[PDB]
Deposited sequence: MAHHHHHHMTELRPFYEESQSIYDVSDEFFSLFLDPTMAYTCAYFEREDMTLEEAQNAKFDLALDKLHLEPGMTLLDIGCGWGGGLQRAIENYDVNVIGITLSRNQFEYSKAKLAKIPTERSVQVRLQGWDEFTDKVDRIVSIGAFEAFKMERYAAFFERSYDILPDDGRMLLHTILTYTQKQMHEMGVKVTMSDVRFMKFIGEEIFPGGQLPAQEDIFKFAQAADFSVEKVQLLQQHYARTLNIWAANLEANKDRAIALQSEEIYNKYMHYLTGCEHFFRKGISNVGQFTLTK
């Protein structure tokens, strides 16, 4: 704690325009799914959203909730590909306004709602839930309430797709032969300052405590390494504009974050899973 207040430059202070320098046009900010090896980033992001949505067994007329909708790409796929009502919620005002404006332009015969709202305040009954990349922003003290609230707002036949990043235990790493180095440790400290993760077993434990069953987990480890690689290449290609919009310090922090995380997935320290939860 510094005695004098300092309005500093944070990676969280950048505009939508900055993110458009390296995200694909749909502005997905989570692991893509290279269902075909030759897919572009945009095609793999659409394929990731389709992968999650397909696991929900959506039927015409249902209501889908996207917990943590970001810049709206998941809800666009849902509106375009299913005859369903949608609700998207986010804690980001920029993402809220962006998703609202994006989805307002999409023809639809169903209801569409975008809200600046946390899951802890959400009580609407919905038929299915998708949540991609939101869980890693939750504190572990709130995990149980999250799964309990998710269970409660679903019907008897309800299904939830939970997509989130994962870590391994030391024993599993020693088993798998993953050696964590000092530079890895220093990067984890960089994360704790600028930005602990659950293991796959933790997700099973918490979902089951809320009376969900885990029907499926699908791991996308190397898809994330490739997703982060492309993001980093795009940002580097747009370096001059990133520095003009922000600064070399902000550019460097993002580049360090993207390429460090890429290394963690490539090396096998981290993973990312889609959990199909049923009721």
Missing CA coverage against the deposited sequence, listed in sequence order.
1-11, 207-210
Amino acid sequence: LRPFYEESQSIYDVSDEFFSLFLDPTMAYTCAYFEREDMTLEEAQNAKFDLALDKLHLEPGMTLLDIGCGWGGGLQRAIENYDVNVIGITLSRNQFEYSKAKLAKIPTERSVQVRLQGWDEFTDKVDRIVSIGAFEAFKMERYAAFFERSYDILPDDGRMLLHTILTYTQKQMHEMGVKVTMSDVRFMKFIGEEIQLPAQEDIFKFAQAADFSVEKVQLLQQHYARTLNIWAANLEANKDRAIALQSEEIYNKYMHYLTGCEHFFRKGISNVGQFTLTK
From here on, numbers count along this sequence of modelled residues.
Mind pulling up the entry and telling me whether 184-192 or 80-88 has the higher mean Cα temperature factor?
184-192
Look over 200-208 and 170-178 in the entry and identify the one with the greater average Cα temperature factor.
170-178
Tell me, please, which of 270, 259, 20, 9 has the highest C-alpha B factor according to the deposited entry?
9
Using the temperature factors in the entry, find which of 121, 97, 127, 109 has the highest value at its Cα atom.
121
Residue 13, C-alpha B-factor rank within chain (lowest, middle or highest third):
highest
Residue 137: CA B-factor among chain residues, third -> middle
Of the three thirds of its chain by CA temperature factor, lowest, middle or highest, which one includes residue 215?
middle
Chain thirds by Cα B factor, record data; residue 155 belongs to the highest
CA B-factor placement of residue 46, once the chain's modelled residues are sorted into thirds
lowest
